[PDB]
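Chemist: Chains B, C and A are the protein sequences, given in the same order. The numbering of the first sequence is the entry's author numbering, which starts it at 1 and goes up by one. The numbering of the second sequence is the entry's author numbering, which starts it at 1 and goes up by one. The numbering of the third sequence is the entry's author numbering, which starts it at 1 and goes up by one. A virtual CB, placed ideally from N, CA and C, is assigned to each residue, including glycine.
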Amino acid sequence: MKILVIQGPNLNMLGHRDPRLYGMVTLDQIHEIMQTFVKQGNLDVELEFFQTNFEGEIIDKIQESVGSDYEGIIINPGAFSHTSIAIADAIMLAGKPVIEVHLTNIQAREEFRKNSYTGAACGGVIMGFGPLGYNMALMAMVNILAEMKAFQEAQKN
Amino acid sequence: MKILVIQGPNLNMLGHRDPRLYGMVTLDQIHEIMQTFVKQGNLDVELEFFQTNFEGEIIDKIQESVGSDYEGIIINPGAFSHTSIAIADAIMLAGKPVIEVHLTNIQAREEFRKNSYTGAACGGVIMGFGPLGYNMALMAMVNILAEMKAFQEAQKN
Amino acid sequence: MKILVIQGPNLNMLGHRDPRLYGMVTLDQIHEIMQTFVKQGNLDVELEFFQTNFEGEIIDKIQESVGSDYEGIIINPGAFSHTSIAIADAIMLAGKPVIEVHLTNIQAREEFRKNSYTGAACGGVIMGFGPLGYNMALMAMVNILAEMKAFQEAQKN
Ligand SMILES: COc1ccc(C[C@@H]2C(=O)[C@@H](O)[C@H](O)C[C@]2(O)C(=O)O)cc1
Ligand SMILES: COc1ccc(C[C@@H]2C(=O)[C@@H](O)[C@H](O)C[C@]2(O)C(=O)O)cc1
Ligand SMILES: COc1ccc(C[C@@H]2C(=O)[C@@H](O)[C@H](O)C[C@]2(O)C(=O)O)cc1
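#1: Do residue 81 of chain A and residue 4 of chain A have their beta-carbon atoms positioned less than 8 Å apart in this structure?
#2: Taking the straight line between their C-alpha atoms, what separation do you get for residue 2 of chain C and residue 16 of chain C?
#3: Suppose you measure from the CA of residue 54 of chain B to the CA of residue 85 of chain A; what does that come to, to the nearest Å?
#4: Mind checking if residue 26 of chain A is an interface residue toward chain C, Cβ cutoff 8 Å exclusive?
#5: If you drop the 5 nearest sequence neighbours on each side, which residues of the same chain put their C-beta closer than 7 Å to that of residue 43 of chain A?
#6: Of the residues that make up the stretch 105-121 of chain C, which ones have a beta carbon closer than 8 Å to any beta carbon in chain B?
#7: When you check each C-beta in the stretch 76-89 of chain C against every C-beta of chain A, which residues fall closer than 7 Å?
#8: Determine whether the Cβ of residue 19 of chain B lies closer than 8 Å to any Cβ atom of chain A.
#9: Using three-state DSSP, classify residue 95 of chain B as helix, strand or coil.
#10: Below 7 Å CB to CB, which residues in the same chain sit around residue 123 of chain A once its five sequence neighbours on both sides are set aside?
#11: Over the uninterrupted alpha helix (DSSP H) stretch that includes residue 117 of chain C, give me the two end residues.
#12: Over what stretch of residues does the alpha helix (DSSP H) that includes residue 222 of chain A continue unbroken?
#13: Between the beta-carbon of residue 73 of chain C and the beta-carbon of residue 62 of chain C, is there less than 8 Å?
#14: Is the beta carbon of residue 45 of chain A less than 8 Å from the beta carbon of residue 76 of chain A?
#15: Contact criterion: CB-CB distance below 8 Å. Does residue 136 of chain B meet it with respect to chain A?
#16: Identify, in the order they occur along the chain, each residue of the same chain with its Cβ nearer than 7 Å to the Cβ of residue 115 of chain A, setting aside the five sequence neighbours on each side.
#17: Taking all protein chains shown into account, decide if residue 112 of chain A is buried (16 or more other Cβ within 10 angstroms of its Cβ) or exposed.
#18: In chain order, what residues of the same chain have a beta carbon less than 7 Å from the beta carbon of residue 95 of chain A, not counting five sequence neighbours either side?
#19: Buried or exposed, going by whether 16 or more other CB atoms sit within 10 Å of the CB of residue 151 of chain A?
#20: Please state whether the Cβ-Cβ distance between residue 78 of chain A and residue 8 of chain A is less than 8 Å.
#21: Between the Cα of residue 35 of chain A and those of A:144, A:146, A:154, A:136, spot the shortest distance and give me the residue it belongs to.
#22: The beta strand (DSSP E) with residue 70 of chain A in it runs from where to where?
#23: Does ligand 1 have even one heavy atom less than 7 Å from the beta-carbon of residue 102 of chain B?
#24: Sorted by chain position, which residues of the same chain lie with C-beta nearer than 8 Å to residue 10 of chain A's C-beta, five sequence neighbours on each side aside?
#25: Have a look at the DSSP bridge pairing and note the partners of residue 50 of chain A.
#26: Given this structure, state the Cα-to-Cα distance separating residue 138 of chain C from residue 129 of chain C, to the nearest angstrom.
#27: Pull up the distance between the alpha-carbon of residue 51 of chain B and that of residue 156 of chain C, whole angstroms please.
#28: With a threshold of 7 Å, establish whether the CB of residue 24 of chain B neighbours any heavy atom of ligand 1.
#29: Which chain A residues sit within Cβ distance under 7 Å of residue 16 of chain B?
#30: Using CA atoms only, rank isn't needed, just tell me which of B:104, B:37, B:90, B:110 is closest to residue 117 of chain B.
#31: Ligand 2 and residue 93 of chain B: does the residue's C-beta get closer than 7 Å to at least one heavy atom of that ligand?
#32: What's the gap between the Cα of residue 32 of chain A and the Cα of residue 149 of chain C?
#33: Quick one: does residue 59 of chain C have its CB under 8 Å from some CB of chain A?
#34: Does any C-beta atom of chain C lie closer than 8 Å to the C-beta of residue 7 of chain B?
#35: Closer than 7 Å to a non-hydrogen atom of ligand 2 - does that hold for the CB of residue 17 of chain C?
#36: Can you look up residue 127 of chain B in the DSSP assignment and give me helix, strand or coil?
Here it is as structure tokens:
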């Protein structure tokens, strides 16, 4: 399975600013960690990574996964989680599993971060585990996809 | 008259997901339905179509219309209707009639879709007729333009 | 010191619409006025100007200044002030002083203009002086930077 990993605004600045809620691990490092979770679990999973500060590039990227070779999306829309009805609408039209990840616990910060329009549109949401949350999402995605295919095996029969 | 039609985010995915509020017709077909309306009524109207998932491309495009061939704009800002103060400000400086269209009835859906910052800046708003809404906007644009022209022609006399 | 000046959406349209709150001076004219203020003060300041209608372009530009030789930013996020948590987050990681400027007094307009997420992340905010507000920001920026430097080399010894 090809799994698309989408990283929203300012996530490329990880490990260069703000080790209060963020630590000192970089975005590339998290992606390396995801890669070795796949490698070593021996999962038939090809990860593709995409980071952007543009809401429209996120929407473009989600729309291009439709009818593509991608079976699922792992997304951290960053600040756009709280504001982007348009990303939420793209998610609802994706026709495939989408898991939202947050590094931080968005229930425990400013009032303006508590709402997630994107999260409400995703099947599941993970927050507050830092980098590990992405490994959690990979484990879930693999199980969701296995379960979906095995359901559609015994489906026709 | 050159009339510019702007379609916002996810509108390019019509007929490719969600047959309930949206049906099964595509964006390209709606645009062919519009041309057909210009013909069957012999309107002296040249249409240019533009879809984007980018808030800034929408703003650039409205701005580009200022002191241009374009006599008016028919716009469906999509989800950005409810959030984009910047698109509303661009509409306010366009110096020409702008009409907002929605496919769905935005008074009858989620609470976060009820506000249209963009619609409030437009001269008039149309919602809940599906594809047909765009032809209704066409008919109004022609009438508004004719009345501006006549008023101006009888302003010098 | 190189100083970065970022101008948000619709600001390029100054003088080309709406002398009610906005007057008749253009964006290019404002930037010459700032240049003049530097020249006349014999300030050792190199200004770089950037305007965009794109939220992600503003965020890329703020990030690009991290680690560079730009020592400060003067920003008018325009309508994104009221909406963009993502731009506020970028300001928070900038690692350098950032001053927000508005031409108009945003406490005295529509209720939706009152909140500035970006202004709250900035060290200081200036509003309602028209173009003059940008020379006020320049004066402050120079004084803040000289203060910061007079402190670094004195804490060293
Ligand atoms: C140093 O750059 C950052 C800035 C913010 C975050 C947190 C993410 C955001 O961008 C926030 O706007 C959002 O509220 C939560 C966030 O999505 C997360 O916890 O992963 C991560 C790295
Ligand atoms: C198939 O993809 C979509 C998703 C949403 C819409 C509706 C338009 C939007 O994008 C919404 O976010 C908005 O609230 C209403 C909408 O403007 C419309 O009814 O045309 C259309 C097609
Ligand atoms: C001629 O075009 C404009 C439109 C609005 C402004 C005001 C600026 C904005 O873009 C607003 O959305 C914001 O609320 C205040 C503003 O930032 C300002 O006073 O500079 C300036 C020029």
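Modeler: With the structure as the only source:
#1: Residue mapping note: residue 4 of chain A aligns to position 4 of the third sequence, counting from 1. Residue mapping note: residue 81 of chain A aligns to position 81 of the third sequence, counting from 1. For residue 4 of chain A and residue 81 of chain A, no; Cβs fall outside 8 Å.
#2: Mapped onto the second sequence, residue 2 of chain C falls at position 2. Mapped onto the second sequence, residue 16 of chain C falls at position 16. The straight-line gap from Cα to Cα measures roughly 29 Å.
#3: Within the first sequence, the letter at position 54 stands for residue 54 of chain B. Within the third sequence, the letter at position 85 stands for residue 85 of chain A. Their Cα atoms are separated by approximately 13 Å.
#4: Start at 1 with the first residue of the third sequence, and residue 26 of chain A comes out as number 26. Chain C, which has no Cβ nearer than 8 Å to the Cβ of residue 26 of chain A, makes this no.
#5: Taking the first residue of the third sequence as position 1, residue 43 of chain A is located at position 43. Excluding positions up to five away in sequence, the list reads 142.
#6: 112, 113
#7: 83, 85, 86, 89
#8: Here the question's residue 19 of chain B lines up with position 19 in the first sequence. For residue 19 of chain B, the answer is no, since every Cβ of chain A falls outside 8 Å of its Cβ.
#9: The sequence position of residue 95 of chain B within the first sequence is 95, counting from 1. Coil.
#10: Your numbering for residue 123 of chain A matches position 123 in the third sequence. Closer than 7 Å at the Cβ level, and outside the excluded window around residue 123 of chain A, lie 97, 98, 99.
#11: Here residue 117 of chain C is taken as the residue at index 117 of the second sequence, counted from 1. Element bounds for residue 117 of chain C: 117-121.
#12: Residue 222 of chain A is absent from the model: chain A starts at 1 and stops at 157.
#13: Against the second sequence, residue 73 of chain C aligns to sequence position 73. Against the second sequence, residue 62 of chain C aligns to sequence position 62. Going by C-beta atoms, residue 73 of chain C is nearer than 8 Å to residue 62 of chain C.
#14: Taking the first residue of the third sequence as position 1, residue 45 of chain A is located at position 45. Taking the first residue of the third sequence as position 1, residue 76 of chain A is located at position 76. Cβ atoms of residue 45 of chain A and residue 76 of chain A: not closer than 8 Å.
#15: Here residue 136 of chain B refers to the residue found at position 136 of the first sequence. Answer no: the Cβ-Cβ gap between residue 136 of chain B and chain A never drops below 8 Å.
#16: Taking the third sequence and counting its residues from 1, one reaches residue 115 of chain A at position 115. Closer than 7 Å at the Cβ level, and outside the excluded window around residue 115 of chain A, lie 82.
#17: By 1-based counting over the third sequence, the position of residue 112 of chain A is 112. Exposed, since its Cβ has fewer than 16 Cβ neighbours within 10 Å.
#18: Position 95 of the third sequence holds residue 95 of chain A. 66.
#19: Indexing the third sequence from 1 puts residue 151 of chain A at position 151. Exposed.
#20: Taking the third sequence and counting its residues from 1, the one referred to as residue 78 of chain A is at position 78. Taking the third sequence and counting its residues from 1, the one referred to as residue 8 of chain A is at position 8. In this structure, residue 8 of chain A lies closer than 8 Å to residue 78 of chain A by Cβ.
#21: Stepping through the third sequence from its first residue, residue 35 of chain A is reached at position 35. That would be A:136, whose Cα lies nearest to the Cα of residue 35 of chain A.
#22: One-based indexing of the third sequence puts residue 70 of chain A at position 70. Looking at the DSSP string, the run of the beta strand (DSSP E) that includes residue 70 of chain A is 70-76.
#23: Looking up residue 102 of chain B in the first sequence gives position 102. Checking every heavy atom of ligand 1 against the Cβ of residue 102 of chain B, one is found closer than 7 Å.
#24: Within the third sequence, residue 10 of chain A is the residue found at index 10, counting from 1. For residue 10 of chain A, where only same-chain residues beyond five positions count, the Cβ hits under 8 Å are 53, 78, 79.
#25: For the purposes of this step, residue 50 of chain A is taken as residue 50 along the third sequence, with counting starting at 1. According to DSSP, which records beta bridges pairwise, residue 50 of chain A is partnered with A:6.
#26: Position 138 of the second sequence, counting from 1, holds the residue named residue 138 of chain C. Position 129 of the second sequence, counting from 1, holds the residue named residue 129 of chain C. C-alpha separation (whole angstroms): 14 Å.
#27: Reading the first sequence from its first residue, position 51 is the one you call residue 51 of chain B. Reading the second sequence from its first residue, position 156 is the one you call residue 156 of chain C. Each residue's alpha carbon lies about 58 Å from the other.
#28: On the first sequence, residue 24 of chain B is found 24 positions in, with the first residue counted as 1. Because no heavy atom of ligand 1 lies under 7 Å away, the Cβ of residue 24 of chain B does not count as near it: no.
#29: Reading the first sequence from its first residue, position 16 is the one you call residue 16 of chain B. Ordered by position in chain A, the residues that pass the 7 Å Cβ test against residue 16 of chain B are 66.
#30: Counting from one through the first sequence, the residue named residue 117 of chain B turns up at place 117. The residue with the shortest Cα to Cα distance from residue 117 of chain B is B:90.
#31: Start at 1 with the first residue of the first sequence, and residue 93 of chain B comes out as number 93. Yes; taking the cut-off as 7 Å, the Cβ of residue 93 of chain B has a heavy atom of ligand 2 nearer than that.
#32: Your numbering for residue 32 of chain A matches position 32 in the third sequence. Your numbering for residue 149 of chain C matches position 149 in the second sequence. Taking the straight line from one Cα to the other gives about 39 Å.
#33: As a first step, residue 59 of chain C must be located in the second sequence, where it is residue number 59. Yes, because at least one Cβ of chain A sits closer than 8 Å to the Cβ of residue 59 of chain C.
#34: The sequence position of residue 7 of chain B within the first sequence is 7, counting from 1. Not an interface residue.
#35: Numbered from 1 along the second sequence, position 17 holds the residue referred to as residue 17 of chain C. Yes - ligand 2 has a heavy atom lying nearer than 7 Å to the Cβ of residue 17 of chain C.
#36: One-based indexing of the first sequence puts residue 127 of chain B at position 127. Three-state DSSP puts residue 127 of chain B in a strand.
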